[PDB]
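Just one chain follows, in the form deposited in one PDB entry, and it is written as structure tokens.
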């Protein structure tokens, strides 16, 4: 009979880990499109204030699990300090940490037209929706995907902000464009809040710091923090009743545990996995999962009380059903 340690490594091998060739070729296809858009953007849209779009997401980080089929292209707006301010959610009437307003400064003094992005402002705030609608239309209006693909031998076709890239004749990858804004030390992305009434808010960007801290910890001591995370990701992705859980939530569960446990030797994987599980359950029971980097942010905040309850129950039930959890 197998130890839990072995069952987890077996599971990772057979289910979580992407075939290494697929992982590299998928990622390289995304890298290829990125560079070609780098040239296009300069040549075609000098009008629009942006920097070079860059890749982001698990696929780029060797953190994607089960299958290599998605990655983000960050579309980084250039905003000048004088014209824009970001308001933290705790200071808005919405009162939601982890989300910001992007306020256009004093239009009596800086009239509409002082920035290209004035055309995406609503009621004095830069709109995440509108920025994304606007960018979509302006790229569509000048981009020739058929010749880009022709160039790279990829077949590329938009779905709206999502490209389906057919790199090998039988393989695909989805690239979606994620508008971003950096004001001072704050990085935001146009990833909408779940609820419509919060649709004026930009989302605080957490992933890069989180995943960097995860790498730093693992690199320093050669630990299994990333391996444990990927297993957790594959389980949640593979289990329908767990669909609500996110990679960011799981990563922060790991980060909290790492603050209390120094030994993440390969031999402790089983023990840490169990702590992670019992940790996740407990956060759900309290209905609060603080961000390890921004403890004011509750990562369960977009989950209803009943959804959190069913997540907790599903996980408690799975303790008796290890073979369904590791299918």
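Positions refer to the first chain, counted from 1. Take the two forms, superpose them, and find the largest set of C-alpha atoms that agree within 1.5 Å; that set is the rigid core.
Below, we refer to the form deposited in another entry, which is not included among the displayed structures.
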Core-aligned between the shown form and the other one, the sole member of 41, 258, 269, 284 showing a Cα shift of 2 Å or more is 41
Residue shift check between the shown form and the other one, rigid core fit, residue 140 Cα at least 2 Å: yes
Establish whether a shift of 2 Å or more occurs at the C-alpha of residue 318 between the shown form and the other one, with the two forms superposed on the rigid core. yes
Where do residue 144 and residue 53 end up in the other entry, Cα atoms closer or farther than shown, with a change of 3 Å or more? farther
Distance change of 3 Å or more between the C-alpha atoms of residue 321 and residue 263 in the other entry: closer or farther compared with this structure? closer
